[PDB]
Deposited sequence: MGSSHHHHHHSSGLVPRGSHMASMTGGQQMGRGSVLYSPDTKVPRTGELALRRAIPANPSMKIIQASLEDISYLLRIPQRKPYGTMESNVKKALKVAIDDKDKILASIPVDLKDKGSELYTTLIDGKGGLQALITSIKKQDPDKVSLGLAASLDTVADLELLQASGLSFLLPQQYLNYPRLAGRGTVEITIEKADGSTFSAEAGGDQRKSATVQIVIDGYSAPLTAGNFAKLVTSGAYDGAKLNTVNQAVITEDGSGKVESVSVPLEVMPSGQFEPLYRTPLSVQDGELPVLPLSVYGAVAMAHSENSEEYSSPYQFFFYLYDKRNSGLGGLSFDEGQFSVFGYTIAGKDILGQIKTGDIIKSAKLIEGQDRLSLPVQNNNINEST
């Protein structure tokens, strides 16, 4: 129950707070996703056993699944549940495609079922310290779009579209469920335009902004790290991962986004400076965990545009940063 999410997408779906029935269904389906990627004769027997396990939990725990959904969302939840069982992209259809041994219909139904699982979990999640009572806070998820502009000489090269782009744009999903203070502060800065024009730098395995000394408040933002299997984040306290533990939002994911530490203390984040983490499992310690795992306030993951992070160079700028989803769930103060 403590593996390193291969992608920001998997990190984010595992981080959705949901009830144990959904987490068991989710993990069963995510196992199959992995199995489908193995260069071997497809293990359709193992796949079928896993989906049968997911279906049994989904049928047996129907009442618990819907009970965890708030009253006003139970109709939406009931419709998602029906799809999860009997929809064309649902669990019964998945067992059928596995029996047929058509790997591309299995892959499609698996993606559909995992999407429905995530939406059900988000419905449940929407139902879930005094010193920070008036701090900016993000409830739930946000999406921040960051456009990076290259120096007049240099160029981005995507697989799509253009081997000589002056600018490229990435999307970061930030997770207020697991990092409400850090994501909240980030969202406030983005919405105020504070990152528009900020310089970027490459230092070791990180793309880090200039420090915004002045030009914003110098608020005290405590370190914020939620150990997985616990139900509140720790504040001002790094998480030791030497004996099997892992944060709900691990740093050890390519394109993870975290705040730098404050200028005076490892117990606090910078009010402004953040970085993309260019995780490389070659440079890692025990269990492939970054040597910095559990030590920084991770608050989101780069999803769209992941592949241009490694092309950013010192002197590139954040042309603009904008909170394109979730601003209704940002509380100020």
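Against the full deposited sequence, the model leaves out several stretches, namely 1-39, 168-171, 377-386.
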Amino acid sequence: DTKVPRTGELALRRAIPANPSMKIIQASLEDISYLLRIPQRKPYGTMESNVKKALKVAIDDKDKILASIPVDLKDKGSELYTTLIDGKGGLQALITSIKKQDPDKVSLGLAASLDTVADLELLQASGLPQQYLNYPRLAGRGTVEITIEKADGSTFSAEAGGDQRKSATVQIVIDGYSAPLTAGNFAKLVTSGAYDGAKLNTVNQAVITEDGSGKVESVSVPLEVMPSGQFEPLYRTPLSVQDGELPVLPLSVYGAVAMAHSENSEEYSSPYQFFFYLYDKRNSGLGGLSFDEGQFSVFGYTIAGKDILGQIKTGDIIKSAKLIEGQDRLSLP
From here on, numbers count along this sequence of modelled residues.
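Annotation for 227-235 versus 119-127: the higher mean temperature factor (C-alpha) is found in 227-235. Averaged over their C-alpha atoms, the temperature factors of 54-62 and 22-30 are higher for 54-62. Between the residues 43, 300, 285, 294, the entry's highest C-alpha temperature factor is the one at 285.
Comparing C-alpha B-factors across 179, 91, 206, 187 in the deposited entry, the largest value falls on 206. Among the modelled residues of the chain, residue 211 sits in the highest third by CA temperature factor in this PDB entry. The entry lists a Cα temperature factor for residue 217 that places it in the highest third of the chain's modelled residues. In the deposited entry, the Cα temperature factor of residue 280 sits in the top third of values across the chain's modelled residues. Sort the chain's modelled residues by C-alpha temperature factor and residue 38 lands in the highest third, per the entry. When the modelled residues of the chain are ordered by their C-alpha B factor, residue 254 lands in the lowest third.
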